[PDB]
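Engineer: This is the structure, below, for whatever I ask next.
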Amino acid sequence: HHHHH
Amino acid sequence: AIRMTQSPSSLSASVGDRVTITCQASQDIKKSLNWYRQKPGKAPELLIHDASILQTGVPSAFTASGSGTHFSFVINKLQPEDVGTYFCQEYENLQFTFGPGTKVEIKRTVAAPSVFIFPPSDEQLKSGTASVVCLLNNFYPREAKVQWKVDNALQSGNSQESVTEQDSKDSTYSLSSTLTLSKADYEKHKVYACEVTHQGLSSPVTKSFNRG
Amino acid sequence: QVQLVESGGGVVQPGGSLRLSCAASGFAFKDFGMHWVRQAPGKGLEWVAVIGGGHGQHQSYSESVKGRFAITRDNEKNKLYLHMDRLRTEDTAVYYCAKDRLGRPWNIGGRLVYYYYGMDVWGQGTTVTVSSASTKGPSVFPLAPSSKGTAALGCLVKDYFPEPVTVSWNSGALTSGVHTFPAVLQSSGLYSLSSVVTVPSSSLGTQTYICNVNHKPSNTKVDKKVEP
């Protein structure tokens, strides 16, 4: 669940 | 016996950028390394073998290099179709141990979700259960919140969510929420609504219906 | 041209037995070693077993699998087999057969040595689910498009066990705008899934839309069409 920029 | 690591774990990049990912081995594995790609829901396909050589029939869209314990894999210019997970695997062993994978998503402009609401079908009310479905279509970024209300009363513990993977063409996400109740208490209330909060909405979007 | 097709997957009791087959075509199957690799529902790729190509016996296993699975082959039939006994909960996975780039042996230094170089072609994979739970076919309900211009309509596949369920639209003729969501496991112990598609709003009266859902542990094919 990587949070984008 | 050989532990393989990859960095980063997951990344976001812009379309047209060149993306570099690294693989490392516990011990020297010489140049016995392969690079695989797995698009969401498809099987792996081998992109690079013997550390640096491109596989036959695959386009010249990737480069790779490395030796000993350090290896690098590069997408020359990233495209929306390249979302997925990139694995390295060693074959200096008879264990053929894979790396943990590197997840590649792509960053795009903010897009607010399109909300739809679907009432329980007449067929399912035969069964005595009622499933109301809320759909959040083609949004970005991935974070979004759905809240179910019945007669303007918030619900908890009786709904479940699911999110698709990043779309291969327009790089958006979609979410489906299912609110399940029994027909008996379903017919006890009148208005059913799903309220959506997203980074692209100034205020929550409420889509709702009545049993009639 | 080079094709690997898996078969034999399905549900099996824990401690039960099951055998997987992999039909190969488009290359000299006898001349290459072959692998079985598995992928759990929430984990990465994990190598399971290998059989050597050419003339003579060589098979190798992973620690998680050694002594309980067997890898065999039939070069006349162009077939690869994975015999599975004593199966465990952790064995629940999608199983790919895969071709090695080489894998045949060489007589070197008075010894026989095999050179495996990893997988270069994979099949689509077959799902093996180990559980004591009952297999249940899904009930399929429409998600009708509202007449209240883009419209959304879908298919709710509910209370089935186990995974996986396949859903297509208009027998594969309709692919754009389709979003089949990951399945969710309810407190029920049974799965539920949704398949959605967006269409021009004009099309609701003109164009027919049917979801084609398959649950092959059930042998249930259902075609349900979505009307306003």
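Residue numbers (the authors' numbering), protein chains in the order written: chain F, 12 to 16; chain B, 1 to 212; chain A, 1 to 52, 52A to 52B, 53 to 82, 82A to 82C, 83 to 100, 100A to 100N, 101 to 129, 134 to 213. Cβ atoms here follow ideal geometry from the backbone N, Cα and C, with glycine treated the same way.
#1: In chain order, what residues of the same chain have a beta carbon less than 8 Å from the beta carbon of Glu148 (chain A), not counting five sequence neighbours either side?
#2: Name the chain A residues whose beta carbon is nearer than 8 Å to that of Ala43 (chain B)?
#3: Can you say whether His16 (chain F) is buried or exposed, counting buried as having 16 or more other CB atoms within 10 angstroms of its CB?
#4: Under 9 Å Cβ-Cβ, which residues of chain F neighbour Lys107 (chain B)?
#5: What are the residues of the region 88-103 of chain B that lie near chain F, defined by any Cβ-Cβ distance shorter than 9 Å?
#6: Report the three-state DSSP secondary structure of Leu181 (chain B) (helix, strand or coil).
#7: If you draw a straight line from the alpha carbon of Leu201 (chain B) to that of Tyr173 (chain B), how long is it in whole angstroms?
#8: So if DSSP puts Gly100M (chain A) in a beta bridge, which residue, or which two residues, is it bridged to?
#9: Give the single residue among B:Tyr86, B:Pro8, B:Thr129, B:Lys145 whose Cα lies nearest to the Cα of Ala112 (chain B).
#10: For the candidate residues B:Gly41, B:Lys207, B:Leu78, B:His70, whose alpha-carbon lies nearest to that of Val15 (chain B)?
#11: Report the option in A:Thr165, A:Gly100D, A:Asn100B whose CA atom is closest to the CA atom of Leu135 (chain B).
#12: Would you identify the three-state DSSP class for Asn210 (chain B), choosing helix, strand or coil?
#13: To test your reading of the DSSP string, which unbroken alpha helix (DSSP H) runs of 4 or more residues are found completely within the region 73-151 of chain B?
#14: Return the first residue and the last residue of the beta strand (DSSP E) that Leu46 (chain B) is part of.
#15: Would a C-beta distance cut-off of 8 Å place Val104 (chain B) and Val132 (chain B) closer than the cut-off?
#16: Residues in the same chain with beta-carbon distance under 7 Å from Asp82A (chain A), minus the five sequence neighbours each way, listed in chain order, please.
#17: With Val89 (chain A) and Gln39 (chain A) assumed to form a contact (beta carbons below 8 Å), what rounded beta-carbon distance in angstroms separates them?
Structural biologist: Judging by the given coordinates:
#1: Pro41, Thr108, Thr110, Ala168, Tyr176.
#2: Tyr91, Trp103, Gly104, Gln105, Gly106
#3: exposed
#4: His15, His16
#5: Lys103
#6: In the displayed model, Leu181 (chain B) falls within a strand according to three-state DSSP.
#7: 16 Å
#8: None, per the DSSP bridge assignment.
#9: Among B:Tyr86, B:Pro8, B:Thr129, B:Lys145, the Cα nearest to that of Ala112 (chain B) belongs to B:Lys145.
#10: B:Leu78
#11: A:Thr165
#12: strand
#13: 122-126
#14: 45-49
#15: no
#16: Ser17, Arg66
#17: 5 Å between Cβ atoms; contact.
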